[PDB]
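The next block holds one structure in the form of structure tokens; read it before the comments.
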Amino acid sequence: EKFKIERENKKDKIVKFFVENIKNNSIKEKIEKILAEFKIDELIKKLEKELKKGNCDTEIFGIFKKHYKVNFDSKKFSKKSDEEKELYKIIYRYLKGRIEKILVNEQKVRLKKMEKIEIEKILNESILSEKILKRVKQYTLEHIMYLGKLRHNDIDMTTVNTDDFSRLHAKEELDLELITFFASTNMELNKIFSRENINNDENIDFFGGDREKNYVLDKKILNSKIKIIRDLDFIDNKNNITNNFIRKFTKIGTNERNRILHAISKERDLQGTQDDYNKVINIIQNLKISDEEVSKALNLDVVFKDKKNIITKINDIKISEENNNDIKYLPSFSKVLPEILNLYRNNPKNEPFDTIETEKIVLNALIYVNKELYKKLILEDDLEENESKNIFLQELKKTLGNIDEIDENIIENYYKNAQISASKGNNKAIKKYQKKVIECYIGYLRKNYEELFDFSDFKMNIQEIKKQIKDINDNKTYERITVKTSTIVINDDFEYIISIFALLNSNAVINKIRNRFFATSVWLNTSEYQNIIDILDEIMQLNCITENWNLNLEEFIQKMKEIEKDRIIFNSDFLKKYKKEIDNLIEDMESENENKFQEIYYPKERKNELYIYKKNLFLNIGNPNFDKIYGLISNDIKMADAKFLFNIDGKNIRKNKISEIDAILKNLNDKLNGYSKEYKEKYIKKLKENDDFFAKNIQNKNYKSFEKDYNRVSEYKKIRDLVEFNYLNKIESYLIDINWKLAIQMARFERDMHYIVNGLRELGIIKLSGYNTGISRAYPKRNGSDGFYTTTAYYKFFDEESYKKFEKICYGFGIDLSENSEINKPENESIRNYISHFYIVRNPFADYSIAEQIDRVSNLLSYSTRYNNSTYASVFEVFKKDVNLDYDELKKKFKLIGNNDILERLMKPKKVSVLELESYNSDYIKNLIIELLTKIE
RNA sequence: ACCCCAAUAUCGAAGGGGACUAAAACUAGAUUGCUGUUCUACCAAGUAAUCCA
RNA sequence: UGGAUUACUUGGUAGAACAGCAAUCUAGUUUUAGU
């Protein structure tokens with residue numbers, strides 16, 4: 001409620017005053033010649049006299065305003081201008097905020113904690129002048145960026161609604177993510193290509209300044225990788241490059257990032273763009289990878305041989321695309337499943353079959369039919385004007401609510417009444433509601449079905465020996481009866497470029513931009529980003545040379561074959577690397593009775609004969625950074641025993657004790673729902689010193705026999721992770737998350753350097769400008785000086801004096817645009833090149849710690865006060881998946897390049913259960929996160 | 001622990017919001033363990049051929 | 001008669017495709033209560 005009741009060319013003439021007076025360095029004298037007029041240190045004395053009573057209430061600000069009336073003339077004794085009156089305003093309101101915070105501090109010296117701040121202990125501080133200059137700078141900076149934001153997005157300022165502080169506050173948080181996604185495809189497409197010459201081992205900018213002689217790299221590319229590019233018509237036979245990188249994928253790539261960075265919402269580009277037959281190629285790639293229902297020969301079409309028309313009735317159930325909100329309220333399939341199994345064991349029309357292994361076939365054929373049926377009876381949508389025996393949900397509303405009540409939310413309101421009754425001390429209400437809905441669905445099933453539960457006719461494993469053997473061994477069986485299991489259309493080029501980018505990145509990068517097309521569409525309540533939110537949901541669900549055209553397990557033969565062949569992509573280099581690393585693991589330096597890696601890496605005949613396939617080793621031989629990541633886990637791998645299969649005490653874990661611990665942790669997650677945490681804590685600690693009421697629980701021997709079994713399953717899962725190489729994925733995950741999270745704020749700074757230039761062009765301070773097309777950088781750099789104010793920036797200036805005045809102003813705010821000042825350092829000593837080109841994943845540990853770059857981005861974003869701790873809070877949420885954060889320590893002020901013993905008080909061992917146990921790999925992943933951030937070698 | 005709120009250089013704004021705390025269903029994912037069907041490889045016991053007799 | 005080139009029977013094991021269940025964590029949506 002600040003801007004649009006004021007600033008009628010009046011705040012503008014105050015900001016225009018403060019800018020050219022911070023430039024001339026005058027406020028740091030004005031502030032003390034003004035604040036000396038405030039008389040202090042007797043007000044402190046009468047504050048001491050009133051706190052000698054111990055008031056801390058509504059009688060103190062009157063004393064402060066009375067002393068203000070003594071000092072400042074409350075009568076209009078003077079004729080000061082609006083600027084100096086606003087300095088008075090800022091100082092008086094800041095002192096008001098400090099005195100209310102010191103009164104809540106005086107409250108917080110006599111309560112149960114005594115954090116002390118004495119009043120006379122702080123005088124020569126921000127009281128005199130430390131932070132009020134920062135306050136004036138933040139005021140002027142917020143108004144300059146506020147002007148430049150509206151100028152950038154070409155908004156008429158007079159017609160600004162408050163609603164456009166919600167329409168536009170979310171369409172650029174999405175654009176930071178759409179720029180950080182646009183540059184992590186620039187590094188993925190540098191692992192495919194390089195330049196024509198061998199000596200260039202750097203990155204290309206495909207999206208921007210284009211260049212010819214850009215050809216394939218014959219390493220690190222897989223058949224699944226090269227097949228996508230070969231199917232997208234990027235490469236032809238003999239691996240040459242087609243002319244779609246000069247007419248189709250280049251031009252459509254650069255225009256999108258131009259329209260995102262420059263915020264050009266002018267029109268659509270041209271009709272000469274990606275038309276529909278250029279999109280059917282990507283449609284074909286999405287078609288030929290998804291699963292076919294005909295390709296499901298594994299729920300065994302011998303269970304429904306004589307019932308081969310009930311599923312035609314199932315497939316004739318009509319559904320429509322409402323995706324209704326009456327699915328949040330019905331309990332899910334996990335609760336109706338035991339009752340459907342018990343209904344199968346209630347039918348008096350079927351018998352004990354042959355034995356215990358005949359009917360597991362039948363149950364695994366039947367649960368897939370019941371699970372897909374439950375989502376077609378709910379979604380059974382609207383109908384014509386003679387439909388008598390009707391849908392499931394109307395009997396549900398008939399059981400919940402009375403008649404003349406069908407067109408009203410009785411399900412929603414009845415769940416809300418059950419939840420209100422739950423919140424008044426009646427914990428049973430939600431389970432009672434779920435049991436009523438379940439018995440309603442059971443009563444609906446028994447009268448319209450159970451002909452599908454009729455298993456009178458049965459073959460007692462007598463012909464299903466060779467029923468499906470004869471069904472597969474014979475071809476042309478067109479009557480593979482299926483389940484339909486409820487189209488991909490791309491509209492415009494934004495969809496067309498994000499889909500191609502989304503089939504070129506890792507499966508965690510799409511979760512970063514799917515959730516941001518989601519949370520933007522929830523914020524605006526629209527449905528514009530709906531064709532993109534589901535194309536990203538079908539590509540996240542897709543995750544030929546597997547064993548046919550793949551691993552022979554005799555590694556002499558295939559390396560010799562693909563040496564003498566010059567399965568073509570299976571280069572002998574990666575096979576020899578895989579060979580060498582497994583040989584490094586299995587070679588017993590302790591050459592004794594020790595073959596502990598048997599059946600894990602080799603099938604009972606080792607030493608260069610046979611080698612078992614592993615996918616968390618073979619999918620890390622190939623990235624160009626492998627041996628740096630691999631070096632700090634390999635000694636931990638080569639020292640863990642084989643307690644897995646060598647003894648009884650590792651097969652009693654794979655069969656019995658894991659399920660017992662899950663059963664104990666499933667009979668408390670249902671006993672302890674809907675209770676406050678004080679009750680759960682006073683019960684969860686009595687479970688530790690229990691001496692008679694663990695026998696009423698699942699196991700016995702109250703807590704020692706549970707913790708020993710938890711320790712044994714814990715060390716089993718310790719050993720399973722490293723021998724399967726389940727830490728070479730966590731490290732790559734951490735590196736790509738940290739580099740993503742730093743490139744976010746490095747794009748934010750590039751946006752704010754547009755807002756600065758626009759907000760100071762409106763104010764007439766950096767006037768006589770111009771627009772230079774093609775280059776997409778806000779400010780000029782000294783790269784190619786003596787005339788650098790014109791060319792190397794999106795905005796042109798007039799003379800060099802205008803750029804020098806602009807640089808003086810930005811240095812006054814705290815943004816240094818000089819030579820070599822952590823911005824214009826030449827290569828990789830600038831933050832803009834080490835992070836906006838993704839070198840934390842491409843080349844780790846190279847001359848910089850990770851924790852020494854978090855500081856260099858948390859200090860480049862220190863010119864604003866709202867960005868305070870916006871990087872220690874944004875980066876350290878990556879690690880909450882594996883360690884606990886201490887947020888009270890993390891909101892404070894610190895640094896990481898020095899300040900020893902700080903990564904131990906900022907993160908804790910992840911203590912996890914609903915019995916509050918500790919995690920199985922807490923210490924190892926904690927020490928591995930600490931050593932990843934700080935290693936310089 | 002930060003932002004905004006007036007008759008405002010100042011005059012019960014000597015206050016009030018964002019906000020936290022806890023609990024439900026539903027959705028999506030990662031790891032581990034289990035169940036079912038096909039395909040492949042390895043090891044062990046068995047049935048059935050010369051050859052050495 | 002024993003070593004030996006053979007074909008298939010179950011039986012541990014291990015990989016790949018698909019379907020289902022349970023535990024732990026993470027992100028989200030709708031909602032309830034109180035301060």
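Ligands are numbered from 1 in the order shown, chains are lettered A, B, ... in the order of the structure tokens, and residues start at 1 in each chain.
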**Prompt:** residue 239 in chain A: which residues within 9 Å, counting only C-alpha atoms (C1' of nucleotides), same-chain residues fewer than 6 positions away excluded, as a ChimeraX atom specification?
**Reply:** /A:215-216,230
For chain A against chain C, which residues fall within 7 Å using only C-alpha atoms (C1' of nucleotides), given as a list in words? residues 296, 298, 299, 364, 419, 420, 423, 546, 547, 599, 613, 662 and 881 of chain A
Residues of chain A within 7 Å of chain B, counting only C-alpha atoms (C1' of nucleotides), what are they? List them as a count of residues only. 23
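From CA of residue 27 in chain A back to CA of residue 64 in chain A, the distance works out to 25.5 Å.
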Just want the 10 Å neighbourhood of residue 735 in chain A, counted on only C-alpha atoms (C1' of nucleotides), with same-chain residues fewer than 5 positions away dropped. Output as a list in words. residues 729, 730, 740, 741, 838, 839, 840, 841, 842, 844, 850, 878, 932 and 933 of chain A
* **Residues near range 856-867 of chain A, cut-off 8 Å, only C-alpha atoms (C1' of nucleotides), skip fewer than 3 positions along chain, as a list in words** =>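 Contacts, with the query itself left out: residues 138, 141, 742, 745, 746, 749, 813, 814, 815, 831, 852, 853, 870, 871 and 872 of chain A; 2 of chain B.
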Distance query residue 508 in chain A at most 10 Å, only C-alpha atoms (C1' of nucleotides), self and fewer than 3 positions along chain excluded, as a PDB file with C-alpha atoms (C1' of nucleotides), in the first residue's frame:
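The new file out21.pdb reads:
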```pdb
ATOM      1  CA  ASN A 505      19.048 -34.388 -19.747  1.00  0.00           C
ATOM      2  CA  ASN A 511      11.831 -32.736 -11.875  1.00  0.00           C
ATOM      3  CA  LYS A 512      13.369 -29.281 -11.494  1.00  0.00           C
ATOM      4  CA  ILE A 513      11.390 -27.799 -14.399  1.00  0.00           C
ATOM      5  CA  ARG A 514       8.248 -29.921 -14.088  1.00  0.00           C
ATOM      6  CA  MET A 540      10.016 -39.022 -16.648  1.00  0.00           C
ATOM      7  CA  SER A 733      23.491 -35.929  -7.904  1.00  0.00           C
ATOM      8  CA  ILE A 736      24.521 -31.358 -10.454  1.00  0.00           C
ATOM      9  CA  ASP A 737      22.236 -30.017  -7.702  1.00  0.00           C
TER      10      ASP A 737
ATOM     11  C1'   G B  29       9.819 -40.121  -7.177  1.00  0.00           C
TER      12        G B  29
END
```
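Among the residues of range 21-59 of chain A, backbone DSSP assigns helix (DSSP H, G or I) to residues 21, 22, 27, 28, 29, 30, 31, 32, 33, 34, 35, 43, 44, 45, 46, 47, 48, 49, 50 and 51 of chain A.
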Would you mind exporting the chosen residues as a PDB file, in the first residue's frame, restricted to N, CA and C atoms?
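File produced: out_5.pdb:
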```pdb
ATOM      1  N   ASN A  21      23.749  12.131  -4.858  1.00  0.00           N
ATOM      2  CA  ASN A  21      24.439  12.524  -3.640  1.00  0.00           C
ATOM      3  C   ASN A  21      25.159  11.383  -2.925  1.00  0.00           C
ATOM      4  N   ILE A  22      24.794  10.122  -3.181  1.00  0.00           N
ATOM      5  CA  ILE A  22      25.656   9.004  -2.798  1.00  0.00           C
ATOM      6  C   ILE A  22      26.864   8.957  -3.723  1.00  0.00           C
ATOM      7  N   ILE A  27      26.012  11.807   1.952  1.00  0.00           N
ATOM      8  CA  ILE A  27      25.099  11.306   2.978  1.00  0.00           C
ATOM      9  C   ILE A  27      25.870  10.885   4.219  1.00  0.00           C
ATOM     10  N   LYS A  28      27.075  10.363   4.055  1.00  0.00           N
ATOM     11  CA  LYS A  28      27.905  10.055   5.224  1.00  0.00           C
ATOM     12  C   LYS A  28      28.451  11.322   5.964  1.00  0.00           C
ATOM     13  N   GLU A  29      28.043  12.541   5.615  1.00  0.00           N
ATOM     14  CA  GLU A  29      28.186  13.728   6.451  1.00  0.00           C
ATOM     15  C   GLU A  29      26.842  14.320   6.840  1.00  0.00           C
ATOM     16  N   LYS A  30      25.871  14.256   5.916  1.00  0.00           N
ATOM     17  CA  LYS A  30      24.509  14.705   6.191  1.00  0.00           C
ATOM     18  C   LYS A  30      23.887  13.933   7.344  1.00  0.00           C
ATOM     19  N   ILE A  31      24.191  12.638   7.451  1.00  0.00           N
ATOM     20  CA  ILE A  31      23.512  11.800   8.430  1.00  0.00           C
ATOM     21  C   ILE A  31      23.965  12.131   9.850  1.00  0.00           C
ATOM     22  N   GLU A  32      25.232  12.500  10.056  1.00  0.00           N
ATOM     23  CA  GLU A  32      25.612  12.853  11.415  1.00  0.00           C
ATOM     24  C   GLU A  32      25.376  14.320  11.725  1.00  0.00           C
ATOM     25  N   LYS A  33      25.411  15.220  10.729  1.00  0.00           N
ATOM     26  CA  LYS A  33      24.989  16.585  11.041  1.00  0.00           C
ATOM     27  C   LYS A  33      23.483  16.674  11.275  1.00  0.00           C
ATOM     28  N   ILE A  34      22.713  15.706  10.778  1.00  0.00           N
ATOM     29  CA  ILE A  34      21.293  15.619  11.100  1.00  0.00           C
ATOM     30  C   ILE A  34      21.070  14.892  12.423  1.00  0.00           C
ATOM     31  N   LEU A  35      21.826  13.830  12.684  1.00  0.00           N
ATOM     32  CA  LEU A  35      21.575  13.010  13.856  1.00  0.00           C
ATOM     33  C   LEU A  35      22.202  13.584  15.119  1.00  0.00           C
ATOM     34  N   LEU A  43      17.838  10.309  27.300  1.00  0.00           N
ATOM     35  CA  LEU A  43      16.734   9.398  27.032  1.00  0.00           C
ATOM     36  C   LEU A  43      17.080   7.988  27.481  1.00  0.00           C
ATOM     37  N   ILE A  44      18.347   7.591  27.324  1.00  0.00           N
ATOM     38  CA  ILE A  44      18.824   6.304  27.829  1.00  0.00           C
ATOM     39  C   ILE A  44      18.714   6.254  29.348  1.00  0.00           C
ATOM     40  N   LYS A  45      18.973   7.383  30.014  1.00  0.00           N
ATOM     41  CA  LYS A  45      18.879   7.429  31.468  1.00  0.00           C
ATOM     42  C   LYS A  45      17.436   7.313  31.943  1.00  0.00           C
ATOM     43  N   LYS A  46      16.509   8.031  31.306  1.00  0.00           N
ATOM     44  CA  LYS A  46      15.117   7.894  31.729  1.00  0.00           C
ATOM     45  C   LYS A  46      14.506   6.566  31.289  1.00  0.00           C
ATOM     46  N   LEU A  47      15.030   5.946  30.225  1.00  0.00           N
ATOM     47  CA  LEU A  47      14.674   4.561  29.937  1.00  0.00           C
ATOM     48  C   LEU A  47      15.162   3.629  31.035  1.00  0.00           C
ATOM     49  N   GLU A  48      16.349   3.901  31.588  1.00  0.00           N
ATOM     50  CA  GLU A  48      16.846   3.113  32.711  1.00  0.00           C
ATOM     51  C   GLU A  48      15.981   3.308  33.950  1.00  0.00           C
ATOM     52  N   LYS A  49      15.482   4.529  34.159  1.00  0.00           N
ATOM     53  CA  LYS A  49      14.594   4.770  35.296  1.00  0.00           C
ATOM     54  C   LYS A  49      13.241   4.087  35.119  1.00  0.00           C
ATOM     55  N   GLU A  50      12.713   4.035  33.892  1.00  0.00           N
ATOM     56  CA  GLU A  50      11.429   3.354  33.737  1.00  0.00           C
ATOM     57  C   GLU A  50      11.578   1.836  33.728  1.00  0.00           C
ATOM     58  N   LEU A  51      12.693   1.300  33.221  1.00  0.00           N
ATOM     59  CA  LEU A  51      12.894  -0.142  33.318  1.00  0.00           C
ATOM     60  C   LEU A  51      13.329  -0.569  34.711  1.00  0.00           C
TER      61      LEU A  51
END
```
query: Could you pull the residues within 12 Å of residue 10 in chain C, counting only C-alpha atoms (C1' of nucleotides), minus those fewer than 3 positions along the same chain, as a list in words?
result: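 Near residue 10 in chain C, the qualifying residues are residues 44, 45 and 46 of chain B.
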(Q) Could you pull out the strand (DSSP E or B) residues of range 564-669 of chain A, going by DSSP on the backbone, and write them as a PyMOL selection string? (A) chain A and resi 598+602+621+623
For N, CA, C and O atoms, I'd like the residues from the last selection saved as a PDB file, in the first residue's frame.
```pdb
ATOM      1  N   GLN A 598      32.928 -63.329  -4.837  1.00  0.00           N
ATOM      2  CA  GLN A 598      32.345 -64.348  -5.699  1.00  0.00           C
ATOM      3  C   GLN A 598      30.833 -64.193  -5.760  1.00  0.00           C
ATOM      4  O   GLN A 598      30.192 -63.801  -4.777  1.00  0.00           O
ATOM      5  N   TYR A 602      31.940 -61.914 -10.402  1.00  0.00           N
ATOM      6  CA  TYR A 602      32.284 -63.023 -11.281  1.00  0.00           C
ATOM      7  C   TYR A 602      31.506 -64.288 -10.933  1.00  0.00           C
ATOM      8  O   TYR A 602      31.248 -64.554  -9.750  1.00  0.00           O
ATOM      9  N   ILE A 621      31.744 -45.265 -16.238  1.00  0.00           N
ATOM     10  CA  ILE A 621      32.790 -45.296 -17.251  1.00  0.00           C
ATOM     11  C   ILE A 621      32.233 -44.595 -18.482  1.00  0.00           C
ATOM     12  O   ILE A 621      31.381 -45.145 -19.183  1.00  0.00           O
ATOM     13  N   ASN A 623      31.703 -40.784 -18.445  1.00  0.00           N
ATOM     14  CA  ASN A 623      31.737 -39.348 -18.253  1.00  0.00           C
ATOM     15  C   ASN A 623      33.189 -38.892 -18.090  1.00  0.00           C
ATOM     16  O   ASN A 623      34.030 -39.646 -17.595  1.00  0.00           O
TER      17      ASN A 623
END
```
